[PDB]
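Quick one: experimental structure and sequence below.
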Amino acid sequence: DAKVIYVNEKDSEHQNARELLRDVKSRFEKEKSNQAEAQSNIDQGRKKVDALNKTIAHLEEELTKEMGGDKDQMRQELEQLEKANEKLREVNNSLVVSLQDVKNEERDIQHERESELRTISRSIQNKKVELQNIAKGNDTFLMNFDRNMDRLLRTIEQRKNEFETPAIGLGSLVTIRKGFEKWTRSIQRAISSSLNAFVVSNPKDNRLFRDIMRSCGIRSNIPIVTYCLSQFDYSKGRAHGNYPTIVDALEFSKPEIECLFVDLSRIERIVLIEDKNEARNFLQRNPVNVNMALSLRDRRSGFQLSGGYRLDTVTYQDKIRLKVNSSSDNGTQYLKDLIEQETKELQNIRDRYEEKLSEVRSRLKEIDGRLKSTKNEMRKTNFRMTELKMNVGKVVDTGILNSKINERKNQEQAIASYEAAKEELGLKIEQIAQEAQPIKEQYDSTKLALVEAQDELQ
Amino acid sequence: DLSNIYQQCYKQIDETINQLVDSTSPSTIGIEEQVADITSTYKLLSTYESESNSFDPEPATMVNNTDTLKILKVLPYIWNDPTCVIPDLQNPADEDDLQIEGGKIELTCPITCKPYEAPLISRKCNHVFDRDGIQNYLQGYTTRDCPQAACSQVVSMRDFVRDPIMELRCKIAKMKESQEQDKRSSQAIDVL
Amino acid sequence: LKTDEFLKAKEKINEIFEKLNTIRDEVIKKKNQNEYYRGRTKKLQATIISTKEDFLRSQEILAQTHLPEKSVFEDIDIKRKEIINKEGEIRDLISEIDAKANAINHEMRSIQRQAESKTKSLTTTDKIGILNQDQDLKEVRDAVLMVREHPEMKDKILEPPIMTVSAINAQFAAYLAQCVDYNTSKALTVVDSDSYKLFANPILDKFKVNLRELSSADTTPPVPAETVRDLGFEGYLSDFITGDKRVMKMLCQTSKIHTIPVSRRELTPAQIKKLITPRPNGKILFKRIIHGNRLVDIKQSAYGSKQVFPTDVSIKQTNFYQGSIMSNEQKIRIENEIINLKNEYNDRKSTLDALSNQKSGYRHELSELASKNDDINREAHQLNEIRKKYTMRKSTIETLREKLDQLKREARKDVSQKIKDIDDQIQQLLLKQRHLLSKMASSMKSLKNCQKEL
C-alpha cells in the first residue's frame, strides 16, 4: 500500500554487524601481536644461547688456565700408572734380591783368597830356609820341631856297651853321596826309621827304652828299629845299569848301614832318573832284574819310573833330616835355581791367576754398575710417582667458581618455557584464524548485501 | 531531483565531533582554540542548512536551532571540577557562565549516595536528575512528587526529555585519578 | 560539458566517510597494548621486591668472610711431602730388612755344614763333602765331580774307596788309608788290566792316579791264608771296609792286602820269636800282622848271618787302651771341636742379626703406622671438601646477585623504552586523527556547488 517510512528502521542492520566487526579484528590483531611479541622474546632468548655457550667455554678456559681441568682426563690413567710404579718397584725388589746373592757370590769366589793364602803361607814361610841360625835350633837345616836333638845322642848312647849292637848314638850318620842334589828328599819316605834309631837286638834292651826315655828330659816316643850292625853281601839282585843306585846315592857313613838298607828297604834294586819325561824302552824290554827308577819334581811331589809297567805319583815329607856331603862353598846359593822355581812358582800362580781375581773383580764392577743403575731407577720411579702425586693432589682443589653453569641451566629451562609459550601462542593464532573467518565472512556478506535498496523514494 | 540528499551532513558530523574528546588524552593540555575552531566549522557549515534550503534574501531564522548547541565550550576548565555549577541559577542570557563567583558543589543524585550515572531533565522543572532514580524505586506510585518533602522542585515525568550532556563529563574525572596516579606509580617504581 | 555530473557530491563524500571511519578503530587498537605492558611492569615490581628480600636473604649467608681457607692448601702440601718422606723411609727400611733377611738366610744355608761336620776327624758322611779332609784333595774332588760323566769309567775306575768301599765311620775311615794303601786311597779304583791304561786320558794330565795288577797262570790257585791268622785276630780288612768283586780283585799280588786284621783287644807283638816258622819251601809263613794300628812288616834276606830284622814304625792311631767308648777320660773337647763350635760362632752373629731385623720390622711397622695416621688425617682434612661447598653455596647465591641485578637492568630498559614507544605511537595517532578531521573540514565546500549551479 502506501510506500512510506516503514523501511527506515533497517539502517540499524549495519550497526549490529559493525559491533562484531570491531571485536573479531581487534581480537585477531591483539593475539597476532602477542604472537609477534612472543617470537621477539624467543629471538631475544636465543641470541643469549651462543653467548652463554661461549661463557661456559670461558669457564673451561679458566679451568685450563688455573690447571683445574687438567686432572679430569688424567686421573683414570694416573691410577694405572701408580699401579705400574708399584709393579716396577716390585721388579726393583726382585732385582735387589738378585743383587745380594752376588755378594754371596763374591764371598764364595773370594774364598779362593783363603785357598791361595793358605797354600802360599806355608810356601812363603819355607822361603826362610837358607841360613837363619845353625846348630842348637836349626828348624830347617839341623832340626825340625823340637829344641832337643843334640842331647839325644849323648843320652841314649850313655850305656852303649849294654846294646846288643855296635853303635855311636843314629840320625847323624845317614848322608847322601855324590850325584845330584835334589835326590836328597826322596829316600826319607823309606828310611825315616833309621834317621832317628838307636839299635838293639833283644826284647829287654828294646823294652828298657820306653822307661828310660823320659829320664833325661825328652818325651818323643816314635817307634824303633830292630837290627844289628854288620856287613854282608848283595850280589844277584842289582840292576843292569851304570848310573847310581840308591846304594850309590847313599854314602856309607857306616858300611853296616848298607846291609841295614838292603834288609829293611831292599834299595839295591832301585835307581834314579832325573825326570819322568824320558826314555821308556830301556826299562820296558823286561830282561831279568830290571827294576824301578825314582824321580822328583819338587819338595812336595815326585814320580816313580817303575819299569814303565808302573808309573805312580809319590809323596815326600815337607821337613826332612837327610843331608848331602856337599862342600860348604855357598850352600843353597850354589843351588838356588832349584829352590826359586819351587817358591817363585806360587808367586807366578798368584800373578797369573790374579787375572781370574781380575775377572771376578770385573764381574763385581758390572754388577755394582747394575746396582747403581737400579738405584737411579728407584730414584726415577720415585720422581715418576711424585709427578702423579702432584697431579692427583690438585684434581680440582678449590678451583671451582662455575655457578654460571647453574645460571646457564636455569636459562635453558627458561628458553624451554619460552618455546612452550611460543607453541601456546601458535595454538592461539590458529584459534583466532578459525574464529575470525566464520564471522568475518558473515560480516562482509551482510554489509555488502544489506545496503540494499536504500532510498528508492520513486 | 536534487533535494534532501544532503541531510546526512549533521547526522554524521555529530559522530565526527563527539568521538574526538572521547579519545584525545587529557594528559595533553591546550583545549580552547583547538576545539573552538573545529566546532565553529560546524556553525559555518550549518548556516548552509538554511541558505541551501533554497528559500521555501540572506539566511533568516536564528542559528540557535542546533541540537549540539551546548556542545560549545564543554571541555575548558571542566577537569578537576566537572560540575561547574554557579551560585546563581537564573542568568542564562549571557554566554560566559562564569561571572564573579566560585565555591563548593555536590556530586550525586539519590542513586546510592554515589556519583552521577545517567541524567534527565525537563522544561517545567529546569533541573536535572538521573534516569533510573525516578522510576526504579519510585514505581509503585503512578506519579510521585518533588524529591524531598515540600522541597523546591515540581515534577511530571511522563514527558521528561533525555539528557545527553553530562555523561561527557563522567569519564574525565574517573580517568584522572588513574592516569596521573599511573604516572605517579611509574615514578614510584623508578626509585625502586 | 555543463552540469550533467550530479553524482560528484557522493563521489567526494565516499572517501571522507571512509576516513571518518578507518582511524577510529586504530585508536583503541593501539591504546590496548599499554595495559599489558603495565601488567608486565607490575610483574617487574613483584620480581624486584623479591630481589629486595633476596638481598638480605643472601647476605645472611654470603659473608665472603668464610673465604677459601687461608692455609689448608699449605697443610695439604706439607702432609703430602710427609707421606712421600714416609714412602722413602719405608723404601730404605724394607731394603735393609731384605738385606738382613738374606743375612739370616746365610745361616739358614750354612747351618748344614756344622751338622755335617759334627763327627770325629771333622767329617764323615755319605755325601761328596767327605773328600774335604785336605785342601790338596781338590784333585780328588774334581776327579769325582767328573768321573760320573763317562759311560764306563765310573764303573771301571770307581770313585775313591770312601764312596765305594766306604768304611763304617771315622774310626775306620782313617784306617782306610792303610786298608787300601795311601797312594791308591786318594787314587781311583782301577778294575782290570784293561782299565790300566785305557782310561788315563780323562784324568792323568789333571789329577793324580795309580794302577794295580794281578796274575794267576801256571798250576797253583791261591793257597790257604785265612786261618793261619790265629794270633788272636777276628776282625779283618775285607769286611770292615765294604769289599766287593767290583773293587778288590787285583789287590791280591800288588799291595799284599791279605795281612790287615782288625782288633778290638790290643795285644803287644813283643811275645813273638815264633813266626820265623817258614812255609815248606823254607820261606817265612807269616808276612804281616797287626793289632790296633801297630802294623809290623816281615821281609826276607838271602845273604849274611841270616838274622831277622823286624820294625815297629807303624801308621798313626788315636788311642791304644783296653776299655770302651769315647776313648778320652781326662777331657772331652779337642782341636776337632773348633769347626763344631763354628756353630756357636754363627749363632752369635745370627741372634744379633735376628734381633736387628726384628727391630727393623719394628721401625717398618712404626713407619707404616705413621703413614696411615697421616692418611686418616688426610681423610679428616678432605672432610673439609664439604667446607669448600659453603664456598659453592656462597658462589651460587653470589651469582644470584648478578642475575637479579641483570634482570632489574634489562627489565628497566625493557619497560621504560616500551612506555615511551607506545606513548609516542599514540601521540602520532592523536595528530593523524586531528589532521584528518581538518581535511574533512574542507569537504563541505562541495555543498555550495551542484544544487544551484545546475
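Received it, and whenever you're ready, just let me know what you need. Numbering: from 1, shown residues only, chains lettered A, B, ... in the order given.

Find the closest residue to chain C in the stretch 351-458 of chain A.
Ranked by Cβ to the nearest Cβ, the top residue of the stretch 351-458 of chain A for proximity to chain C is residue A:403, at 3.9 Å. Bear in mind the C-beta positions are built from the backbone N, C-alpha and C, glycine included.

what are the ranges of the strands in the chain?
No chain specified, so I'll use chain A. A:175-176, A:250-251, A:271-272, A:293-298, A:301-306, A:310-314 (DSSP state E).

switch to chain B, that's the one I care about
Counting by DSSP E, the strands of chain B are B:119-121, B:129-130, B:161-162.

ok, so what distance separates residue A:155 from chain C?
20 Å (Cβ to the nearest Cβ, to the nearest Å).

Let me know which of the strands of chain A is the nearest to residue C:220.
Residue C:220 lies closest to strand A:310-314 among those, at 24.6 Å (Cβ to Cβ).

Identify the bridge partners of the residue nearest to residue B:163 when sequence neighbours are not counted.
Spatially, and ignoring its direct neighbours in sequence, residue B:163 is nearest to residue B:119 (4.0 Å; Cβ to Cβ, 6 or more residues apart in numbering or on different chains). Beta-bridge pairing for residue B:119 (DSSP bridges): residue B:130.

Would you enumerate the residues in contact with residue B:119?
Taking Cβ atoms under 8 Å, 6 or more residues apart in numbering or on different chains, we find residue B:119 in contact with B:109, B:128, B:129, B:130, B:131, B:163, B:165, B:166, B:167.

Now restrict these to buried residues only.
Among the contacts of residue B:119, those classed as buried by 16 or more other Cβ atoms under 10 Å in any protein chain shown are B:109, B:129, B:130, B:163, B:166.

Was I right to think the second one contacts residue B:148?
To tie it back to what came earlier, the one meant is residue B:129. No - at 11.7 Å, residue B:129 and residue B:148 do not qualify as touching, with contact defined as Cβ atoms under 8 Å.

Ignoring the adjacent residues along the chain, who's closest to residue A:39?
That would be residue A:422: by Cβ to Cβ, 6+ apart, it lies 6.8 Å from residue A:39.

Residue ranges of each domain in chain A, please.
For chain A, automatic domain parsing gives the domain ranges A:5-69+A:396-449, A:77-131+A:334-395, A:142-272+A:288-294+A:316-322.

starting at the chain centroid, how far to the host helix or strand of residue C:29?
Using DSSP states H and E, residue C:29 falls within helix C:23-59. Computed by Cα atoms, centre = their mean, to the nearest Å, the chain-centroid distance of helix C:23-59 equals 79 Å.

Show me what counts as buried in that helix.
Using 16+ other Cβ under 10 Å as the test for burial, helix C:23-59 gives C:23-24, C:27, C:29, C:33-34, C:37-38, C:41, C:44-45, C:48, C:51, C:54, C:58.

related to what we said a few turns ago, so which of the strands of chain A is the most packed in?
strand A:271-272 (a mean of 23; mean count of other Cβ atoms under 10 Å in any protein chain shown).

which helices and strands does it pack with?
Judged by 3 or more Cβ pairs under 8 Å, 6 or more residues apart in numbering or on different chains; DSSP states H and E, strand A:271-272 is in contact with helix A:246-249, strand A:293-298.

Can you check which of those gets nearest to chain B?
Taking those one by one with Cβ to the nearest Cβ, strand A:293-298 is closest: 125.5 Å.

And the helices in chain C?
Remark: helices assigned in chain C by DSSP state H are C:8-20, C:23-59, C:72-116, C:138-147, C:153-156, C:161-164, C:170-179, C:182-185, C:195-198, C:237-240, C:338-382, C:385-440.

Take those helices and lay them out in TSV including distance to chain A.
Below are those laid out as TSV (distance: least, Cβ to the nearest Cβ, whole Å):
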stretch	distance to chain A
helix C:8-20	12
helix C:23-59	6
helix C:72-116	5
helix C:138-147	8
helix C:153-156	19
helix C:161-164	17
helix C:170-179	12
helix C:182-185	6
helix C:195-198	9
helix C:237-240	21
helix C:338-382	10
helix C:385-440	4
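
So which of those helices is nearest residue C:132?
Closest approach to residue C:132 among the helices of chain C (Cβ to Cβ): helix C:138-147, 7.4 Å.

rewinding a little: so the helix holding residue C:29, near chain B or not?
Yes - judged by Cβ under 8 Å from any Cβ of the partner chain, helix C:23-59 and chain B are in contact via C:24, C:27, C:38, C:41, C:44, C:45, C:48, C:49, C:52.

How many residues are close by residue B:133?
Residue B:133 has 20 neighbours, counted by other Cβ atoms under 10 Å in any protein chain shown.

What sits closest to it if chain neighbours are left out?
Closest residue to residue B:133 apart from its sequence neighbours, by Cβ to Cβ, 6+ apart: residue B:109 at 5.0 Å.

That neighbour contacts residue B:131, doesn't it?
No - look at residue B:109 against residue B:131 with Cβ under 8 Å: they stay out of range, at 9.5 Å.

Next up, the contacts around the residue in the stretch 51-200 of chain C that chain B sits nearest to.
Scanning the stretch 51-200 of chain C for proximity to chain B using Cβ to the nearest Cβ identifies residue C:52 as nearest, at 7.7 Å. Taking Cβ under 8 Å, 6+ apart, we find residue C:52 in contact with residue B:192.

gap between it and residue C:39?
Note on residue C:52: its distance to residue C:39, by Cβ to Cβ, to the nearest Å, is 20 Å.

Stretch C:209-224 and chain A in contact?
Yes - looking at stretch C:209-224 against chain A by Cβ under 8 Å from any Cβ, the contacts come from C:209, C:210, C:211.

And that stretch, what's buried?
Buried, per 16+ other Cβ under 10 Å, within stretch C:209-224: C:209, C:210, C:211, C:212.
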